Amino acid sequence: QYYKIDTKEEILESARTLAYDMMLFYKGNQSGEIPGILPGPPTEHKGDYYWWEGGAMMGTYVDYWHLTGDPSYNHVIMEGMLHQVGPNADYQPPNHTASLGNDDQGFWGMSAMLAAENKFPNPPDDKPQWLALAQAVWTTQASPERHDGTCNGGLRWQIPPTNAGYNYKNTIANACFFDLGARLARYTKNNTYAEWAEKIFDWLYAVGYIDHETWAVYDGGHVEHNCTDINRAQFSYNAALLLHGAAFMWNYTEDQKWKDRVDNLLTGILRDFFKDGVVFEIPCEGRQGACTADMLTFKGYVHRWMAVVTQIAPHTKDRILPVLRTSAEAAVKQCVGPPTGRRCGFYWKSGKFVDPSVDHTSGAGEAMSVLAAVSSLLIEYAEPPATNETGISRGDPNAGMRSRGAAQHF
C-alpha cells in the first residue's frame, strides 16, 4: 500500500497527493481549454466525461478545502464554477443543451450550495454568488412547466422536451431537487424550500421509487406507464442523496418523521451497498467492464454525503463513521497501480488494483471517488455546514426569474 491513513497527518498528506493526481485529469485551467469540465464529451470524441461530472469535480474540491484547509486549488475551482453558469446564472448554458438533465443542472447547483455551506471564497462582486446560483437552479427546477400531471407529479429526467429521456421520471432528478430544497431551507430559514422538499420526497415515496418495506431506492419509471415500470436498479448515489436531504430536513424541522426516514434510508444503505464494510456499486461492480463513466463517481458522493449526515444528524455518527473508515481503507489499499505505484482503480471490495481501462475511461471518476473518501475521513475535525447565521455568500430574490430565462420560451 502506498497511501497511509492512520493518523490525521497521514490522511492530510494522502488527500493532498490524491488531489494532485485527480487534478492531472483536468485541463480547464490551461491556455486554450474550457474551465469547469473534464475532457469530453465522448459524443464529440474529446474525452470520456460529461459536463455534469465537471460540476461534481468542482464540488469535490470545495469539500477538499473545507476538510483539509489546503486552498491550493481554490482559484482553479472558482474559475471552473463561474465559467459554467450560463447567461442567466442558472447553470443552463445553452451550448450544453444536450447534457441538460435536471440531475446535470442539479449537480452544479449542489456544488454552489456546498460552496455557500463551506464558506468557500466568494466570487467577485460583479459575478454570481454561490447561494444565488443554488437558488437559481432550485427555482428553475420548481418552475411550473417542470411539474405536470403525469404520474401525479415529479420531475422528468431531461429539461428539453426533445431530449432523449424526457419520458423518464427518475429518482436522481427528483433527489437533486429534494436535496437542494432541504439545504436551501436550512441555510436561509425559508420554509417554502422545505415545503417543496417535503412534496417531492412524498412523491418519490408514493410512486414507489422508495420501497415502502425495505427502503431500497430504485432508479425511475416512464410516463407512458404511469411510472409503474420501475427500473429496480439500485445506484448508491440515489439512496445516499435521499439520506443527505432527509438529514437536512431532520435538522431543520426536528420532526420525528424525518428522523425515521433518515434511520430507514440508512439501514437500507448499510444493508445494500456496504459489503464487509466497503461501498459497492451493486448494479455494475460485480463484473469488470460494466460501470459507465457516470457510475464510477457514485461511491465518492456516498462517502462525502454520508460524512456530512453525521454532522447534521449526529445520532447517526456511530453507524456511519466506522463503515466509511473500512470503505476508505479498501479504497487506498488498491491505489497501487502502475505507472506511479499509486494509481487508483474502482474495485475496492475486491482488494486489488484494476486498470481503469477495463471500464473504458482514463480513470478520473475513480480518482475523484478515492479523493472524496479519504478527505471525508477528516469530517470529525470539520465545521458543519454553515447557515446564513455565519455564512458569507449572498442570495438573489430573483434567481431563476430573468426575462431571458429559458422557461420564458419553453
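The first residue of the sequence shown is number 1, and the count goes up from there.
The mean C-alpha temperature factor is higher for 281 to 289 when 305 to 313 and 281 to 289 are set side by side. Taking the mean C-alpha B-factor of each stretch as recorded, 161 to 169 and 197 to 205 are not equal, and the higher mean is that of 161 to 169. The entry assigns its greatest Cα B factor, within the set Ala112, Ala98, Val217, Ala185, to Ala98.
Between the residues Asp104, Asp90, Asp263, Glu145, the entry's highest C-alpha temperature factor is the one at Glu145. Among the modelled residues of its chain, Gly345 has a C-alpha B-factor that falls in the middle third, as given in the PDB entry. Ranked within its chain, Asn238 lands in the lowest third, by CA B factor from the PDB record. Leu38: CA B factor in the middle third of modelled residues in this chain (values from the PDB entry).
Ranked within its chain, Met401 lands in the highest third, by CA B factor from the PDB record. Annotation for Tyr26: CA B-factor lies in the middle third of the chain's modelled residues.
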